[PDB]
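Asks: Sequence, then structure. It's an experimental one.
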Number of protein chains: 2
Amino acid sequence: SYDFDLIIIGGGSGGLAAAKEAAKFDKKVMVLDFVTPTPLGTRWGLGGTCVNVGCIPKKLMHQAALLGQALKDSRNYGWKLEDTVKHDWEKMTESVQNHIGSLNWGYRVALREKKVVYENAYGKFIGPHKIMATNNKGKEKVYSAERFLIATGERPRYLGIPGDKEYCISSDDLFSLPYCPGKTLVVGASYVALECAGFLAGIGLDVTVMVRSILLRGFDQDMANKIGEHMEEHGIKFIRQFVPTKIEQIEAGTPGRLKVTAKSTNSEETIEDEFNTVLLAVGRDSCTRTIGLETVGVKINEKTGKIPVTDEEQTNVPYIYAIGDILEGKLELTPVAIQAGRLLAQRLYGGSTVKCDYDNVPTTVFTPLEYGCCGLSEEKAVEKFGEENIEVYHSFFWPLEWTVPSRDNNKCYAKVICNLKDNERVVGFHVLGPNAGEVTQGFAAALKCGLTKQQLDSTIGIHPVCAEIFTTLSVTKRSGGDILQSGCXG
Amino acid sequence: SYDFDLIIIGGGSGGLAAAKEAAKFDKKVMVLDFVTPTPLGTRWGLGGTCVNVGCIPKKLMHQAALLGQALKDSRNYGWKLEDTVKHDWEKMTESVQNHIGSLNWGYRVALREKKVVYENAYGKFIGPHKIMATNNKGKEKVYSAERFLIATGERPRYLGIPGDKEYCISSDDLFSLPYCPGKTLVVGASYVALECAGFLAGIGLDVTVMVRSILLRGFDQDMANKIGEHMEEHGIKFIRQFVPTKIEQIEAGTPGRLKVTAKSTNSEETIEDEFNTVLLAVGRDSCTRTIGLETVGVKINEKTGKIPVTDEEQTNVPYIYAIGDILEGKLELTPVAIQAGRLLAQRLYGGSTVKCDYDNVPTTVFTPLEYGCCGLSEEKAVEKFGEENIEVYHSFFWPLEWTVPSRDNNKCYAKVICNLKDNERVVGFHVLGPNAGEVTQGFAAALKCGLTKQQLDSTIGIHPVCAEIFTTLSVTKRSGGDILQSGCXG
Ligand SMILES: Cc1cc2nc3c(=O)[nH]c(=O)nc-3n(C[C@H](O)[C@H](O)[C@H](O)COP(=O)(O)OP(=O)(O)OC[C@H]3O[C@@H](n4cnc5c(N)ncnc54)[C@H](O)[C@@H]3O)c2cc1C
Ligand SMILES: Cc1cc2nc3c(=O)[nH]c(=O)nc-3n(C[C@H](O)[C@H](O)[C@H](O)COP(=O)(O)OP(=O)(O)OC[C@H]3O[C@@H](n4cnc5c(N)ncnc54)[C@H](O)[C@@H]3O)c2cc1C
């Protein structure tokens, strides 16, 4: 009877994963994907946040900043480089957009080969088992399905303040900005703000981060503070405990000139400065309010906008599932959405019973000095297991590659958190250093096997590689021992 | 009736570890370390092979090569770099030697602080519990100890051929070469040869590798071949199944000109070419023949020169121990020698029972495209567990960072080897790609916890990071499925 076995609302990370996997079982599948424009009119193609305005262009721009560092390092390794290489914003974003565009077309082609109907249209439920697809020109069409997957992700939140929508940009706009941002104010202090401030400084821009309260709420606060200090020592300026109150345009331009006014968080003080660009990185809102959930009876958390879901990704309505960023109490990460989507299609059409495991999922912040972790933060381990049952082994280290450029000794830092009640099970893993992500992935695998501290110590390091530090952590926070190099021992 | 509790012969990786650890227990310790010069008169300072003529300078030169690549990549990411950056050998080796020099002094200081007597002198046993230290000027002194640790390492092997000692250089000489090597022949095909051929090409030299038989004997042969093909594609020329027969000098110089003659391995064919530098990387010999082992009754394997040892690093003579490269049937790696040395001191003076675990020790080859691995090679897993009990999951991948420079798709490769008789225990782990070492270290930890294929698949990747490929290997070699990108799916 129904038009499709499965209609997927949203063609991002989770959505496309679910589609590609469901297509393996010869089912009629349709992906609806539509990108509503930013307040400034920015649009993009198929593939979701990660592909167009997230991980992909972010890491590419991170890379652009790393390369700036590599240019300086090269002098000391014998490359006869002149004194300063200038960076060119427009050339960079052109390359980035070029890659993105080929991902856009890669997916469009992938869907076609897998025989998945792709409809570039906004999905909205109209009643049980029925959905309306409104296309770009306003034309509607109604479709029915046996099952639905909500995979609509989130969008950047604005402040409630005068001028923010008309003058500020968000990450959605940053990655295809047609001109160089110039002097920038980044408002916010989580992974988006820090990563962006990070690479904008790295390519040579004057950058300021305005912080409401703490850096990286949710992450290990000592790690967060170390990332903060590093950014401060390498250019990025920080304004602590201030929130903007208005953004007014002094001059239009590409970039123009903007006057930002901010109020203290605890006092009455006021500050003004002017910038070329104000980037808002102050959280994201779930796209669940305008997809007609009332008409099919799907319950969402009204305050947060997230969708509560069974451990099988089922909503309260038996035939409607949800995946990715919109899920209540989950994690907002591409590979999680992809795994969730893939395993869902497996359970539905492949007779699998494998659920998606959301415990100890590794993450990485691509701040100038990268931060990789997995498991519990120190504070959370203490909360969960009790202060005197936790042992923290830690150490600084110095990447061999930095010795010859002769920079940044005792900045990189590694800690493992152990549960003394459980054979010193490693319940948290943290690294601050180059290629933090590469380092962390493997250790996340070991956490899944219940790695103990004596198993860790019995693993031999690879030399000379930063990651080897973890096989030799012998100094505890409790012992109070010194952990500075150099060091230079055996 | 002892001067010292422990005399360590050799102040390398293992020796210095054992010394630093033994010193924790307030024992009288002496390190003897002397560097006998290369045939060309090269020597160096405290620290052993790894510090002076191995891991450290090798990685630093590898880094010089990667930075060459980074200069090229930077153009696409918007850095207005001109067309060619020349490299300067003398400036590079100055920086490298500088760092090495500070490690030399670092250790010399570390030993002094730890109250370890350091004697820059050649050790030679003269009789039970007695050793002779011959210093640089030929002055002898006799010392006694309750225990001795032999930690003397190895030295480059030469060929049995005319001109090799007088005209060729080895790794011992390479890292402090006072002039640029120019057009180079590397003889040999294991980790030393390929690593060196690698970075010499990377800094812009004309490089030829001459191979006797196969590449990287002992490592997974398919991995070896891939490394080989990559090197061929990126400059390095290979001469297959040839062995040099003589090296004659055409002209002295810095570099001079050398005429190398080589004979086919299976036919009668002869080839001549001329080079600026011939680098011999054809194995190393244990320094165990000239340390007076006869006089104390220590048994060595006569053919190989290695010392057989109990699982506690004890020789047949109860009071004499051996560590590091000289050990029979072990592995010749810095962190192994360090661990062995550190744990030995723990057993002897710390009442520990923890032995050094030599199974599944991760290694990395720093060829231009790095190769990391841990556990068994495919062929060894088949030999050990039987062909139809092995499942190999594998995939090519394309580092996000390479997409914008737009190079080298489908070169990086990952595979895991699983035992079907043992819940698909991952028994071998192989990766070819950037930061291979960083990726591998963590997975080596997981192998110590008996990581299974399903545990692997339940671990969520970090996006976008190369290492994440391992969380999603779904195509087996047995299935015959295609594994080429791009691809681009969900
Ligand atoms: C700046 C930034 C950096 C990030 N860095 C990382 C990182 O390094 N690593 C990582 O793992 N994650 C990162 N993330 C998070 C990651 O991108 C998201 O968690 C992931 O893309 C979520 O996937 P999803 O399928 O839930 O939503 P999305 O991928 O956003 O998919 C949503 C799709 O549905 C469309 N849509 C919405 N409503 C409708 C509708 N009604 N009808 C039709 N289509 C609709 C949207 O336009 C979008 O295409 C980053 C995010 C940002 C913003
Ligand atoms: C080019 C090259 C690259 C390498 N790359 C890596 C790598 O990336 N990773 C890795 O883990 N390993 C690498 N290795 C191997 C590693 O460096 C060695 O395994 C390690 O140094 C061995 O430690 P050791 O303490 O056994 O011997 P060594 O470190 O060599 O110590 C031996 C010391 O004893 C001295 N000595 C010898 N005889 C006497 C005597 N009779 N009296 C006094 N002193 C004496 C020697 O001069 C030397 O200083 C590399 C080796 C080479 C040659």
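Replies: Everything's here; your move. Numbers count the residues shown, from 1 in each chain, chains lettered A, B, ... in the order given. Ligands and ions are numbered 1, 2, ... in the order given.

Asks: what about the lengthiest helix in chain A and chain B, any contact?
Replies: Ordering each helix of chain A by length in residues (DSSP state H) puts helix A:89-113 first. Yes: residues of helix A:89-113 contacting chain B under C-beta under 8 Å from any C-beta of the partner chain: A:89-93, A:95-96, A:98-99, A:103, A:106-107, A:109-110. C-betas here are computed from N, CA, C, even on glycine.

Asks: Drop anything exposed from those residues.
Replies: Among the residues of helix A:89-113 next to chain B, those classed as buried by 16 or more other C-beta atoms under 10 Å in any protein chain shown are A:89, A:92-93, A:95-96, A:99, A:103, A:106-107, A:110.

Asks: I'd like to know which elements the longest helix of chain A is packed against.
Replies: Helix A:89-113 makes packing contacts with helix A:13-22, helix A:48-53, helix A:55-76, strand A:117-119 when contacts are defined by 3 or more C-beta pairs under 8 Å, 6 or more residues apart in numbering or on different chains; DSSP states H and E.

Asks: So which bits of the third one are buried?
Replies: The reference is to helix A:55-76. A:55-71, A:73-76.

Asks: Over to stretch A:346-359?
Replies: A:346-349, A:356-358.

Asks: List, one by one, the residues from the stretch 301-450 of chain A near chain B.
Replies: A:333-336, A:338-339, A:341-342, A:354, A:357, A:361-364, A:372, A:400-401, A:403-404, A:435, A:437-446, A:448-450.

Asks: before we move on, what SS does residue A:85 have?
Replies: coil (DSSP: H, G, I helix; E, B strand; the rest coil).

Asks: Surely it and residue A:71 touch.
Replies: Yes: Residue A:85 sits in contact with residue A:71 when judged by C-beta atoms under 8 Å, with a separation of 5.5 Å.

Asks: Overlap in contacts, the two.
Replies: B:74, B:79, B:81 (C-beta atoms under 8 Å, 6 or more residues apart in numbering or on different chains).

Asks: Specify which member of the residues you listed is nearest to chain A.
Replies: Checking the shared contacts of residue A:85 and residue A:71 against chain A with C-beta to the nearest C-beta, the nearest one is residue B:74 at 4.2 Å.

Asks: Quick check: chain neighbours aside, which residue is closest to that closest one?
Replies: residue A:67 (4.2 Å; C-beta to C-beta, 6 or more residues apart in numbering or on different chains).

Asks: who touches that neighbour in this structure?
Replies: With C-beta under 8 Å, 6+ apart, residue A:67 has these contacts: B:70, B:73-74, B:77, B:79.

Asks: Now do it against residue B:401, distance only.
Replies: With distances taken as C-beta to C-beta, to the nearest Å, residue A:67 is found 9 Å from residue B:401.

Asks: where do the contact lists of the two overlap?
Replies: Common neighbours of residue A:67 and residue B:401 (C-beta under 8 Å, 6+ apart) are residue B:73.

Asks: for whichever residue of the stretch 1-150 of chain A sits closest to ligand 1, what are its contacts?
Replies: Nearest to ligand 1 in the stretch 1-150 of chain A, going by C-beta to the nearest ligand atom, is residue A:12, at a distance of 1.9 Å. Residue A:12 makes contact with A:33, A:47-51, A:151-153, A:324, A:337, according to C-beta under 8 Å, 6+ apart.

Asks: Among those, which one lies nearest to chain B?
Replies: Closest to chain B, out of all of those and judged by C-beta to the nearest C-beta, is residue A:50, at 7.1 Å.

Asks: Look up how far residue B:17 lies from the closest one.
Replies: From residue A:50 to residue B:17 the distance is 45 Å (C-beta to C-beta).

Asks: Residue A:319 too?
Replies: Residue A:319 is 63 Å from residue B:17, by C-beta to C-beta.

Asks: of those two, who's got more company?
Replies: Per other C-beta atoms under 10 Å in any protein chain shown, whichever of residue A:319 and residue B:17 has more neighbours is residue B:17, with 27 against 14.

Asks: Check the contact between that one and residue B:8; I expect there is one.
Replies: No: Residue B:17 is beyond contact range of residue B:8, at 9.6 Å (criterion: C-beta under 8 Å).

Asks: got any residues that touch both of the two?
Replies: Counting by C-beta under 8 Å, 6+ apart, nothing touches both residue B:17 and residue B:8.

Asks: Taking chain A, what residue is nearest to ligand 2?
Replies: Closest point on chain A to ligand 2, by C-beta to the nearest ligand atom, is residue A:463, at 3.8 Å.

Asks: Contacts only, for that residue.
Replies: Residue A:463 makes contact with B:50, B:55, B:333-335 under the criterion C-beta under 8 Å, 6+ apart.

Asks: Torsion angles phi and psi at residue A:230?
Replies: Phi and psi for residue A:230, reported as degrees, to the nearest 10, are phi -60, psi -40.
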